[PDB]
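Laboratory data are not the source of any read-out in this text; all were calculated from the coordinates shown. Backbone-built Cβ (ideal geometry, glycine too); neighbour counts: all protein chains shown.
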Amino acid sequence: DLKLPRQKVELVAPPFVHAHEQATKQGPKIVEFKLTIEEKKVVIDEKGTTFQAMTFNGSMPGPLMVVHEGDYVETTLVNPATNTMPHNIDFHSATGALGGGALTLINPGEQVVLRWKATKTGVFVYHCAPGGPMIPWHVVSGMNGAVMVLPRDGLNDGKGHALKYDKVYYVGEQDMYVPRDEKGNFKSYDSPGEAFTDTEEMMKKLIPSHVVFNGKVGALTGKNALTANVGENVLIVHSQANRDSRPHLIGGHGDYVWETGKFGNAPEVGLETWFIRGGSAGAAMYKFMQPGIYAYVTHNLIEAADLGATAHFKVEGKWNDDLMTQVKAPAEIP
Amino acid sequence: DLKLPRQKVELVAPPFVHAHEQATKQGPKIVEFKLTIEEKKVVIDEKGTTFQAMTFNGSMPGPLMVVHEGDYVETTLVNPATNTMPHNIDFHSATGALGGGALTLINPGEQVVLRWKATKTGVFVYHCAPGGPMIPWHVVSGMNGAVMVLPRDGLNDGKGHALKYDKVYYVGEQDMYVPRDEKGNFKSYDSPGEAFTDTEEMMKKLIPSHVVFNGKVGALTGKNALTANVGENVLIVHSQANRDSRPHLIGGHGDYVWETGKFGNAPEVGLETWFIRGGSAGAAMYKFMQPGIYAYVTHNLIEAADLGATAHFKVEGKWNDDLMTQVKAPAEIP
Amino acid sequence: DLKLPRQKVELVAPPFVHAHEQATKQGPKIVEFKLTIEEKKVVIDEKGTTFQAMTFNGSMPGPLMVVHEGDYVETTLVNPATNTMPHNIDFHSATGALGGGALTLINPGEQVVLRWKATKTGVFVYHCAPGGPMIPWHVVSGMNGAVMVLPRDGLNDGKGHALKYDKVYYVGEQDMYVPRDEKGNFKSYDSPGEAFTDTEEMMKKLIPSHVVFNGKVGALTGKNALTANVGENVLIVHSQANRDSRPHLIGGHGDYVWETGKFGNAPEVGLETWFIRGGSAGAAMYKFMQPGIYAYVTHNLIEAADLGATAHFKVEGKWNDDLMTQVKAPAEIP
Ligand SMILES: OC[C@H]1O[C@@](CO)(O[C@H]2O[C@H](CO)[C@@H](O)[C@H](O)[C@H]2O)[C@@H](O)[C@@H]1O
Ligand SMILES: OC[C@H]1O[C@@](CO)(O[C@H]2O[C@H](CO)[C@@H](O)[C@H](O)[C@H]2O)[C@@H](O)[C@@H]1O
Ligand SMILES: OC[C@H]1O[C@@](CO)(O[C@H]2O[C@H](CO)[C@@H](O)[C@H](O)[C@H]2O)[C@@H](O)[C@@H]1O
Ligand SMILES: O=N[O-]
Ligand SMILES: O=N[O-]
Ligand SMILES: O=N[O-]
Ligand SMILES: O=N[O-]
Ligand SMILES: O=N[O-]
Ligand SMILES: O=N[O-]
Ligand SMILES: [Cu+2]
Ligand SMILES: [Cu+2]
Ligand SMILES: [Cu+2]
Ligand SMILES: [Cu+2]
Ligand SMILES: [Cu+2]
Ligand SMILES: [Cu+2]
């Protein structure tokens, strides 16, 4: 029935984002994506704690999907026989059928194809939601990502001016609930099913053991620091499918911020810290003015420094002494 | 002194809302309401857990009161002799005397009459606040509701256009603190006074045992699902008198949202999830586009699925395959 | 290199704010501040619980610094030899070097001088951030305050009209983590270092033992209540460097509120309760209409009434019976 051009996208692992246009002269298309679910035991911290993860495409978060307003998003969801549980997908960008969840429940060995029209602009969470108590469990096990639906004219500041990013990163934040044994050590489990009873008991107490970006403590640091140059405008998409977060770029700002994540609303300007409601994605852009290391955190600093929720940027360029200078280096008090 | 027409309102139990006009040609009136406090032991979950509730008019939340800007709200608060505690009422819509609390403290066997002028538009919490540590206790025992103060011209989108709802529902969310015994079972108590010591100890640890809509797990489901038809614009007022919430309509959106709840501010558009600050009411309107079941949740999914905070909508009408379609039903992977 | 006039400021302890202009005819200056770090054991509640505090200038919060857009803020940070730990300072208002933290690490016996240009308007947190797990620890030990960067034309409502406050107060909210012994009593420690292991274990569980304004339960009450008169427009700056808060003026409103705290954005109007994201400052102004006592709280009422987070205003003037009146005093039910 729907006679539009088809375009395939090759998804890439976070924090990177598949190539796309901001402003476009294309009209509506059917944009084709494939997500393959993977249940796997992973390491989540530098001490070697393990975790029974459930993922879209092998990553936490799932990859960022990018389309334009009025596109149709056609997703093939694949649940290989090597998995143990049923799964589905719910897109907060989509209208009807519990976001798609009611049309995409697949057992191991099955796949399904869902199409939805991208009628709402912004960044949006997608997540698994099989039913009942399985809903939180699959989400906090890692089965969540985001989609970005851009205006065809690209982003604007609300005030007729264009807002073009030089690069975009997707930071997915994951609250994790790893039980401890009597000794106080984190437990390991042989299967997601075996982790379930202890994990649910902990979940209901609402305090995570770990809060991480890109699936692990330190994931977005070292060789895998985010990067920029002085003068570059960087868009940072941040999602949290279950729990609030308060992003902050240490040493920078949010020049233009859509904390509720929806481009029909003008961005706020000049923020220190913004707020991502659990169950949402938001976005912030910043033009870097100074070189050096930045930390990108949730500004519950206990979560940031002690539970895992810190990324770094390494920024190249020339130091600006007008903006900041060390007038007198540390010295003995006179 | 005040020579205005008087109008009585017959309050109705949530989630329903007493009949009212949006835009009105009436001028200011004295609008008369009566609230009768009821302390009662209630069942809060499907397992039969009991709870020492304290309520306005017998319900959690208390009923929604609806007036227009510049009306005078005259409330008779009644504390029958069958109750055990003093109570009062604080309206966040009102100016002075701790919202009215300092003028409405009544012992069992007493009533009081308070009038306040509705100078601020929006949805607002009202709650009991007797003094000191009793304040949180009475609120988290159920003594809270909301009032809506509409502009005389009805609602608008900020952008000169009218926003008329076909129906309004009031979802009051309640964080509850039910202690457990050594065995791990929820405790039952013979009186609110007897529940107090254990309940306060738990309260101070800040983690609820239950988070419910309309006073009980599953209250707004089954026969008591909320309803709509495709094409209907529904306003959802959400309050939380003590703790944050993040509402989300699964399969829908917030087309126009006042998350801080105040109509002097333009609504935001096209939200996935919004945020109700503890101690406030907010409001979201959505025009339904697809039939079927929706879930309305707080998008801490642990709270939603495991602690009680899920409502349903059942929506009638014609499925829209342009907006969403199952291109290929579940099938074996090729 | 920088040839501008220099102006010294004498900082004053919170909740008060050093004298400053709103609108100004001055051009950019170098504004000179000195902060001297003090580690000290303090009493935090009316029961005599003690706490190993770490402070800027001896207070929790640190003092409010006020400048105008385009000023250069030159801070001498002093860490006397009587302290035990290294410290630094990070300004969320500043651009580069982790907000200044990477240029201001000083051992006991040292001082440092940092200058930053005030390119972003609003209220902003400043805090210590030595590195790693020390970051949260120093912040939740009290090492945080705020700076306000005003437009040179003063504040406006977004809608070309000026917003002039008659007085400003700074309310700094502190989440504190005091461990308990087996008996259930709060522990006391001989040094910050000795408090660290128990305090970190508690911190990671994310639930504070105390949430206070101005460093202690009841600090902003009694003789130290905030004050106003009917007709006065009061600006309330609220900061929280680590954890969310939801301010509310009981019996009043936020007439104009910048909850994200940044003056490049128009204020919202007529709020009941607003939201301060952990890691930020916000500001609300209210013109008092009624005399009497008000409470200023976070509207998690458990935190407010039971954990410490209540201030009072005592307001002088004439009661307005049009806005509110007790129509019938408490009486026996007919
Ligand atoms: O940034 C969105 C915000 O900007 C306004 C103008 O104040 O509208 C701009 O953005 C719309 C969505 O991209 C465009 O359709 C419109 O043409 C453009 O002016 C606001 O209406 C909107 O909330
Ligand atoms: O929706 C409120 C928002 O709309 C504006 C226009 O942008 O004002 C409209 O709403 C006011 C309150 O109902 C009316 O008094 C006004 O006439 C109407 O234009 C904004 O000023 C306001 O924040
Ligand atoms: O209150 C800030 C808000 O107001 C607007 C006008 O709607 O701009 C005013 O404030 C700016 C910052 O102080 C001034 O530069 C400007 O001249 C004045 O109109 C908005 O643009 C801004 O977001
Ligand atoms: O799943 N390991 O690459
Ligand atoms: O800005 N530091 O958390
Ligand atoms: O109070 N029972 O209907
Ligand atoms: O949209 N589901 O939580
Ligand atoms: O430090 N005592 O004043
Ligand atoms: O308005 N009282 O919390
Ligand atoms: Cu799943
Ligand atoms: Cu969801
Ligand atoms: Cu009561
Ligand atoms: Cu209140
Ligand atoms: Cu320090
Ligand atoms: Cu910070």
| said: Between A:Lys328 and C:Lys41, what is the label-point separation in nm under the 7 Å Cα-to-beta-carbon projection? | reply: 3.4 nm
| note | Non-local residues with an amide H under 5 Å from the amide H of A:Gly308, with H modelled 1.01 Å from N and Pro and chain starts lacking one, are A:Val211
| query | What percent do you get for the relative contact order of the stretch C:6-152 when only Cα pairs under 8 Å and 6+ apart count? | reply | 26 percent
| Inter-copy separations for B:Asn229, label at 7 Å along Cα-Cβ, nm, ascending | 6.1, 6.1
| field | Order of A:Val125, B:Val237, A:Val217 - criterion: other Cβ atoms within 10 Å of each residue's Cβ, fewest first | value | A:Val217, B:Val237, A:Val125
| query | If you look for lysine pairs in the stretch B:167-316 that are eight or more places apart or on different chains, how many of them have Cα atoms under 29 Å apart? | reply | 21
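How big is D for the protein assembly as shown, in µm² s⁻¹ as a whole number, if Stokes-Einstein is applied with the Kirkwood radius of its Cα pairs at 20 °C and 1.002 mPa s? Working shown, then result.
Numbers: Rh = 29.0 Å.
The estimated diffusion coefficient comes to 74 µm²/s.
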| said: Using amide H atoms built in the peptide plane, which far-off residues or other-chain residues are under 5 Å from B:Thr95 H to H? | reply: B:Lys117
| note | Here, A:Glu194 and C:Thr84, labelled 7 Å along Cα→Cβ, have an inter-label distance in nm of 4.5 nm
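If R₀ is 45 angstrom, what is the calculated FRET efficiency for the pair A:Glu21 and B:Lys287, using the beta carbon separation as r and rounding to 0.05?
Numbers: r = 30 Å, r/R0 = 0.68.
For A:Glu21 and B:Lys287, the calculated efficiency is 0.90.
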| said: With the label 7 angstrom out along Cα to Cβ, how close does C:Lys318 come to the same site in each of the other copies, in nm, nearest first? | reply: 6.5, 6.5
| said: Give the separation of the Cα centroids, the stretch C:261-276 to the stretch B:267-322, in Å. | reply: 25 Å
| query | Tell me, what ³J(HN,Hα) does each residue in the stretch B:266-275 have, in order and in whole Hz, if you take phi through Karplus 6.51 cos²θ - 1.76 cosθ + 1.60 with θ = phi - 60° and put x for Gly and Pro? | reply | 4, x, 7, 10, x, 7, 8, 9, 10, 9
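Using a ≥ b ≥ c from the Cα gyration tensor of the stretch A:1-82 (square roots of the eigenvalues), is it rounded, prolate or oblate, where a/c under 1.5 gives rounded and otherwise the larger of a/b and b/c decides, a/b for prolate?
oblate
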| remark: With the dipole of chain C defined by +1 on each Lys or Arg Cβ and -1 on each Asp or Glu Cβ, the option from C:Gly282, C:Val297, C:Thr75 whose Cα lies farthest towards the positive pole is C:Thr75
| remark: Low-density loop GluC sites (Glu not before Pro), the stretch A:33-139, at most 16 other Cβ within 10 Å, DSSP non-H/G/I/E/B, are A:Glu46
| remark: A correct fewest-to-most ranking of A:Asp322, A:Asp45 by other Cβ atoms within 10 Å would be A:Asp322, A:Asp45
| query | When each copy gets a label point 7 Å from Cα toward the beta-carbon at A:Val43, what are the spacings between them in nm, shortest first? | reply | 5.2, 5.2
| message | Give me, ordered by chain and number, the residues 5 or more places off C:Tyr256 or on other chains with an amide H under 5 Å from its own placed amide H. | response | C:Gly270, C:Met285
| remark: Farthest towards the positive end of the dipole of the protein assembly as shown, among B:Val212, A:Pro151, C:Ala53 and with Cβ unit charges of +1 on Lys and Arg and -1 on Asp and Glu, lies the Cα of A:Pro151
| task | Could you run the Debye sum over the Cα atoms of the stretch B:276-334, one equal point scatterer each and no solvent, and tell me log10 of I(q)/I(0) at q = 0.19 Å⁻¹, two decimals? | result | -0.95
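How much net charge surrounds C:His238 when only other residues with a Cβ under 12 Å from its Cβ are counted (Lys, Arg +1; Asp, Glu -1)?
Values: positive: C:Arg246, C:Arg277; negative: C:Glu173, C:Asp244, C:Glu259.
Here the charged neighbours net out to -1.
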| What FRET efficiency comes out for the pair A:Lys8/B:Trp319, r = Cβ-Cβ distance, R0 = 25 Å, nearest 0.05? | 0.35
| remark: If unit charges are put on Cβ atoms (+1 for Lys and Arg, -1 for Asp and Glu) and the dipole of the stretch B:142-287 is taken about its Cα centre, the option from B:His253, B:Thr221, B:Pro192 lying farthest towards the positive end turns out to be B:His253
| said: Give me the one-decimal Kirkwood hydrodynamic radius in Å for the stretch A:40-81, with the sum taken over alpha-carbon pairs. | reply: 13.1 Å
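Output the direction-averaged projected area (hull surface divided by four) of the convex hull of the alpha-carbon atoms of the stretch C:212-268, in nm².
Working: hull surface 20.8 nm².
The Cα convex hull of the stretch C:212-268, projected and averaged over all directions, gives 5.2 nm².
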| message | Please report the projected area of the stretch A:174-316's Cα convex hull averaged over all directions, in nm². | response | 10.0 nm²
| Per residue of chain C, what 222 nm ellipticity follows from adding -39500 (n - 2.57) for every DSSP H run with n ≥ 4, rounded to the nearest 500? | -1500 deg cm²/dmol
| query | Based only on the alpha carbon positions, what is the Kirkwood hydrodynamic radius of the stretch A:111-209, in angstrom? | reply | 17.0 Å
| Between the stretch B:106-173 and the stretch B:52-83, what is the C-alpha centre distance in whole Å? | 9 Å
| Per-residue ³J(HN,Hα) for the stretch A:114-121, Karplus 6.51 cos²θ - 1.76 cosθ + 1.60, θ = phi - 60°, Hz, x for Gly and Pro | 10, 10, 9, 8, 7, 8, 10, 8
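Calculate the dipole size of chain A relative to its Cα centre from +1 charges on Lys and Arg beta carbons and -1 charges on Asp and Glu beta carbons; express the result in debye to the nearest 20.
On the way: 31 positive and 37 negative charges, 133 e Å.
In total the dipole reaches around 640 debye.
For a footprinting-style exposure proxy, rank A:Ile333, B:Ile250 by other Cβ within 10 Å, fewest first.
On the way: A:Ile333 14, B:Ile250 25.
Ordered from fewest to most neighbouring Cβ atoms within 10 Å, A:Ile333, B:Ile250 come out as A:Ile333, B:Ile250.
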| remark: Compactness summary of the stretch B:17-151: radius of gyration and Dmax from Cα atoms, Å, are 15.2, 50
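What Kirkwood Rh does chain C have if only Cα atoms enter the pairwise 1/r average? Answer in Å. Display every interim value, and only then the final one.
On the way: mean 1/r = 0.0482 Å⁻¹.
For chain C, inverting the mean 1/r across all distinct Cα pairs yields 20.7 Å.
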